[PDB]
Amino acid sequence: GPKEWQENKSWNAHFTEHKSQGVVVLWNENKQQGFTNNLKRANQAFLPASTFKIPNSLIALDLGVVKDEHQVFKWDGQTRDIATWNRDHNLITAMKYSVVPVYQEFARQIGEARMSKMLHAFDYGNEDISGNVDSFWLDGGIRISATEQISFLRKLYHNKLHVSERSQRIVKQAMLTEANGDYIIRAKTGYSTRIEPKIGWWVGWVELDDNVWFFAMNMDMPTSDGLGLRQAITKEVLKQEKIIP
């Protein structure tokens, strides 16, 4: 009978066409079935890098570190390499421009004891926060696979994480990436650069009228010049599968 996970190796052509290597994982929520070009890499756990902004946001909101999505976190005045980081942000714009220093402040205020407890409650990856509480997702011990990202996102979608429904709704709002009459994408990018292998991430879901497709992709990323391929390769797969036009 039907399998929970199937391999579609033809998706490899979208990686090969872009001289890239990696994995796309899709989950069809209505059918409760998943699909991937590489089931082994789908289960390979990596540093989450900026995709950790999703659980970090949830925990900061539920503990009151962040009051709501419009509370301002002022620039600390240190000029950093990414110009959009050198300004004041709220939760929405800090996720959109992936403003690491704002989320490091969130993590410091959460603190290691509460961070560990909440990642255990979330069943999140290997749940390991060894390192600095404000960098373990960049250069510490936490690891999460693409399929574990989907597991986490499915709980978030259904408001079933062990945090308030309010925090889950706010974070799903902050994840909004694209919307038109054909679909809504809620997602977060990431780029793990400090520990080899350097990889790019894109995790989230596509909302249709009558279904939701969760996705999690990662790919080898030796330089930042290829970062647009995270979304491009994913969208090529979504187009091949007739999920988006």
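Don't overthink the numbering: it's just position in the shown sequence, from 1.
Once the C-alpha B-factors are averaged per stretch, 223 to 231 and 20 to 28 rank with 223 to 231 first. Mean CA B-factor, 77 to 85 versus 103 to 111: the higher value falls on 77 to 85. Ranking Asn180, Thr177, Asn218, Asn56 by the C-alpha B-factor listed in the PDB entry places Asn180 at the top. Residue set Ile195, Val66, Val203, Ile185: peak C-alpha B-factor at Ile195 (per PDB entry).
Annotation for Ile144: C-alpha temperature factor in the lowest third relative to the rest of the modelled chain, per the entry. In the PDB entry, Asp123 places in the middle third of its chain by CA B-factor.
In the PDB entry, a CA B factor belonging to the highest third of its chain's modelled residues is recorded for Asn132. Among all modelled residues in this chain, the alpha-carbon of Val72 has a temperature factor (C-alpha) in the highest third. When the modelled residues of the chain are ordered by C-alpha B-factor, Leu61 sits in the lowest third.
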